[PDB]
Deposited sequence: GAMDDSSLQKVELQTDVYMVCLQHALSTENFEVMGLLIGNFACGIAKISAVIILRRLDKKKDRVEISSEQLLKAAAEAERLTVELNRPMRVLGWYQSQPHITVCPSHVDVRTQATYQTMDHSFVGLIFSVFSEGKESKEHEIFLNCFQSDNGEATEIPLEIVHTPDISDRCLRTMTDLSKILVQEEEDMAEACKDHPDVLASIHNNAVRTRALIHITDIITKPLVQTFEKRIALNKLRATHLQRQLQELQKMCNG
């Protein structure tokens, strides 16, 4: 019952990394979901947080239950993750956007630790192989687009119905660019990524089929 090791699925690793690379300005966050067995916390899913805070944990604990019955496995909020650009629970810190001025080399750090009462120590992490990208993981990183859009729609709501015409034109101009900015940077590349993933899979699939066919002979 004592935490000894953390095992992170590769497809969940991809989601967290993708979320961290969404912006180099602010620290993004989310909640690690999975099972705790023989001293091993296995993360098989993740929840993207809108930005310590509460209540969201209740929505996460409920989602964890929805993940239990669907995946037929014990699922609970094991902890959280957060990004770090230009510089009782399980914590993951994805240090991103760090490049050399002359070397042109980019670095990405991933630190794993156990946190309780503001205290923490290092915890052994292993990224565990997955034969694919989970249905939940695909949906999770598509939600990133939806959440970002939702954040913007909320900001424009508070400034809606502005009496001054010049301000209304300005606000609609800001909302338009911001939505486009989300689509071009987040939504569109994800669309292309999925499309290319499918096409390039079938390219390898047909390649292996030709290999499989002649290997027997």
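Residues of the deposited sequence lacking C-alpha coordinates, numbered from 1, fall in the stretches 1 to 5, 57 to 65, 102 to 121, 252 to 255.
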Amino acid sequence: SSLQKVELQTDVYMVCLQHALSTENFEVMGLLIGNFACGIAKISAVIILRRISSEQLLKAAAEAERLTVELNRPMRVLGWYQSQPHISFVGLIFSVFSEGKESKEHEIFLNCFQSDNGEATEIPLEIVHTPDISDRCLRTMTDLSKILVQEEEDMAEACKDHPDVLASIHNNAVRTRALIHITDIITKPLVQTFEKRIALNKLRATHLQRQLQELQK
From here on, numbers count along this sequence of modelled residues.
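In this entry, 94 to 102 shows the higher mean Cα temperature factor of the pair 94 to 102 and 107 to 115.
Judged by mean Cα B factor in the deposited record, 70 to 78 ranks above the other of 127 to 135 and 70 to 78. The PDB entry assigns the greatest CA B-factor among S168, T176, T187, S53 to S53. The deposited CA B-factor of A62 belongs to the highest third of values across its chain. Among all modelled residues in its chain, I147 ranks in the lowest third by Cα B-factor. When the modelled residues of the chain are ordered by C-alpha B-factor, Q209 sits in the highest third. Among all modelled residues in this chain, the alpha-carbon of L3 has a temperature factor (C-alpha) in the middle third.
In the deposited entry, the Cα temperature factor of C38 sits in the top third of values across the chain's modelled residues.
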